[PDB]
Amino acid sequence: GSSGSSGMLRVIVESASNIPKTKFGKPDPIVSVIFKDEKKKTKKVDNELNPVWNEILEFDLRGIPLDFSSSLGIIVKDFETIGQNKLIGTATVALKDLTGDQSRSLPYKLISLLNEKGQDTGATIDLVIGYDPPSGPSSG
Numbered sequence: 069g070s071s072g073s074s075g076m077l078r079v080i081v082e083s084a085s086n087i088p089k090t091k092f093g094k095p096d097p098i099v100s101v102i103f104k105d106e107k108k109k110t111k112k113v114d115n116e117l118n119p120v121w122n123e124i125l126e127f128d129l130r131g132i133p134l135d136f137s138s139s140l141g142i143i144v145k146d147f148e149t150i151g152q153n154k155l156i157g158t159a160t161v162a163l164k165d166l167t168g169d170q171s172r173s174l175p176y177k178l179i180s181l182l183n184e185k186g187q188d189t190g191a192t193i194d195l196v197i198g199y200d201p202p203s204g205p206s207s208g
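Residues 69 to 208 (our numbering) are what the sequence shown spells out, left to right.
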């Protein structure tokens with residue numbers, strides 16, 4: 069364990085609320101984060117409108133900093149449904165604001181989720197993304 073940071077993006081998932089129920093009752097919502105070709109999702113929540121994951125995610129950049137082009141992809145759907153085109157909502161977090169030469173963690177809450185059509189689904193999800201600039205002898 070050498071002393072040195074190689075760029076790492078942490079994506080904390082608190083919980084969601086205001087989810088569009090279903091005819092049956094309550095679907096199985098699940099957070100799905102995608103960054104640096106890394107698909108990481110949170111523990112699927114059973115029949116519950118406001119699922120509470122309160123988990124922490126991490127992504128290795130390998131000395132690769134952020135840019136105005138870098139962003140996080142947040143997609144929420146119903147586990148019970150995989151193939152079907154059932155989509156609860158989505159949201160993209162532009163890390164262009166977190167970019168810089170000094171760690172910066174901005175709490176992203178009250179995010180409006182949009183369906184595959186781009187219409188306000190009426191669901192909100194809290195997330196805390198933290199950026200960390202790489203630094204050390206091993207540059208890549």
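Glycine included, C-beta positions come from ideal geometry on N, C-alpha and C.
- Segment contact: the stretch 180 to 191 against the stretch 147 to 156, three or more CB-CB distances shorter than 8 Å; contact assigned.
- Inter-residue distance for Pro88 and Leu77 is about 30 Å (C-alpha atoms, whole angstroms).
- Following the DSSP letters along the chain, one finds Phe127 inside the beta strand (DSSP E) bounded by residues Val120 to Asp128.
- The beta carbon of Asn115 is closer than 8 Å to those of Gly93, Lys94, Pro95 and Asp96 in its chain, skipping five residues each way along the sequence.
- Taken through DSSP and simplified to helix, strand or coil, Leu163 comes out as helix.
- Beyond the five residues adjoining it in sequence on each side, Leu134 comes within less than 7 Å, by CB distance, of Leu163, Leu166, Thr167 and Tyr199 in the same chain, given in chain order.
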